[PDB]
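> For reference, the structure I am asking about is given below.
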Amino acid sequence: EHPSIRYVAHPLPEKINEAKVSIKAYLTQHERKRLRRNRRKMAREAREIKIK
RNA sequence: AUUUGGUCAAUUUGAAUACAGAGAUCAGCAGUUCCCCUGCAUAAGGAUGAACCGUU
């Protein structure tokens, strides 16, 4: 009686606090190139405007 | 045997003015892409050095 034979326990499964390591999203070479092209282009444009 | 291939435009007109029709040439530098070298940063990843003992 003091420990019941009848019941089956389903105790709370303790979830471990997994540290969210934000994933290093990489770039394709092409993507990188595009980025380089665009930022640089923008800079150039700015220079032109700020020199014209 | 004859003849067409033959109308300057433009402007001022209500034929005159025009007269063929209105930038060139030489030279820098930067950017764009790709490559190579060099220095720095960023990540990652090595390799290695340095006397001598440490911490409740």
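Note on naming: chains are A, B, ... as they come in the structure tokens, residues start from 1 per chain, ligands start from 1 in the order shown.
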Would you give me, as a list in words, the residues in chain A that DSSP reads as alpha helix (DSSP H)?
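Here are the alpha helix (DSSP H) residues of chain A: residues 29, 30, 31, 32, 33, 34, 35, 36, 37, 38, 39, 40, 41, 42, 43, 44, 45, 46, 47, 48 and 49 of chain A.
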> Take the residues from that selection and put them in a file with N, CA, C and O atoms, as a compact mmCIF listing (two decimals), in the first residue's frame.

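Output contents, as saved in selection.txt:
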# COMPACT_ATOMS: atom_id res chain seq x y z
N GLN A 29 31.56 30.92 -52.88
CA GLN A 29 32.53 31.83 -53.45
C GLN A 29 31.82 32.93 -54.24
O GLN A 29 32.18 34.12 -54.14
N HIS A 30 30.86 32.49 -55.05
CA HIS A 30 30.11 33.38 -55.94
C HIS A 30 29.42 34.46 -55.14
O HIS A 30 29.48 35.65 -55.52
N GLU A 31 28.78 34.04 -54.06
CA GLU A 31 28.04 34.95 -53.17
C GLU A 31 28.98 36.02 -52.63
O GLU A 31 28.65 37.22 -52.63
N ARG A 32 30.14 35.55 -52.18
CA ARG A 32 31.18 36.42 -51.61
C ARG A 32 31.59 37.47 -52.63
O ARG A 32 31.70 38.67 -52.30
N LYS A 33 31.82 36.98 -53.84
CA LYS A 33 32.25 37.83 -54.96
C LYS A 33 31.22 38.92 -55.21
O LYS A 33 31.56 40.10 -55.38
N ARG A 34 29.96 38.50 -55.22
CA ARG A 34 28.82 39.39 -55.45
C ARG A 34 28.79 40.48 -54.40
O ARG A 34 28.62 41.67 -54.73
N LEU A 35 28.98 40.06 -53.16
CA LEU A 35 28.99 40.97 -52.00
C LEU A 35 30.08 42.03 -52.19
O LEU A 35 29.85 43.25 -52.01
N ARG A 36 31.25 41.53 -52.56
CA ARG A 36 32.43 42.38 -52.77
C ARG A 36 32.15 43.40 -53.86
O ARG A 36 32.46 44.58 -53.72
N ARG A 37 31.54 42.91 -54.94
CA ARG A 37 31.21 43.70 -56.12
C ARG A 37 30.27 44.83 -55.69
O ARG A 37 30.49 45.98 -56.11
N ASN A 38 29.27 44.50 -54.86
CA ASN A 38 28.15 45.36 -54.62
C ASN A 38 28.59 46.41 -53.68
O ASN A 38 28.36 47.57 -54.01
N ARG A 39 29.20 46.03 -52.55
CA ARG A 39 29.61 47.01 -51.53
C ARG A 39 30.59 48.01 -52.13
O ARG A 39 30.46 49.24 -51.95
N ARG A 40 31.56 47.44 -52.85
CA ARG A 40 32.62 48.25 -53.50
C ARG A 40 32.00 49.21 -54.49
O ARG A 40 32.38 50.39 -54.52
N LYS A 41 31.05 48.70 -55.27
CA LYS A 41 30.33 49.49 -56.27
C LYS A 41 29.65 50.67 -55.62
O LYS A 41 29.73 51.81 -56.10
N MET A 42 28.97 50.37 -54.52
CA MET A 42 28.23 51.37 -53.73
C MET A 42 29.18 52.47 -53.27
O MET A 42 28.86 53.67 -53.40
N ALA A 43 30.32 52.03 -52.75
CA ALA A 43 31.36 52.94 -52.25
C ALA A 43 31.81 53.88 -53.36
O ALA A 43 31.93 55.10 -53.15
N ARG A 44 32.06 53.28 -54.51
CA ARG A 44 32.51 54.00 -55.71
C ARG A 44 31.50 55.08 -56.08
O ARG A 44 31.87 56.23 -56.36
N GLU A 45 30.24 54.67 -56.08
CA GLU A 45 29.12 55.55 -56.42
C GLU A 45 29.10 56.75 -55.48
O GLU A 45 28.95 57.90 -55.91
N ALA A 46 29.25 56.44 -54.19
CA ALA A 46 29.26 57.45 -53.13
C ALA A 46 30.36 58.47 -53.38
O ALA A 46 30.14 59.69 -53.29
N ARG A 47 31.54 57.93 -53.70
CA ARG A 47 32.73 58.74 -53.97
C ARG A 47 32.46 59.69 -55.14
O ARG A 47 32.78 60.88 -55.07
N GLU A 48 31.86 59.13 -56.18
CA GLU A 48 31.53 59.87 -57.40
C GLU A 48 30.59 61.04 -57.05
O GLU A 48 30.77 62.18 -57.47
N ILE A 49 29.59 60.71 -56.25
CA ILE A 49 28.57 61.69 -55.88
C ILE A 49 29.23 62.76 -55.00
O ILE A 49 29.03 63.98 -55.18
> Extract, using only C-alpha atoms (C1' of nucleotides), all DNA, RNA and protein residues at most 10 Å from residue B:19, discarding same-chain residues fewer than 2 positions from it, and format them as a list in words.
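My reading of the contact set: residues 8, 9 and 21 of chain B.
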> Would you kindly report the residues of chain B within 12 Å of chain A, using only C-alpha atoms (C1' of nucleotides), as a list in words?
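Result: residues 30, 31, 32, 33, 43 and 44 of chain B.
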> So how many Å separate atom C1' of residue B:46 and atom CA of residue A:28, to one decimal?
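The value is 24.8 Å.
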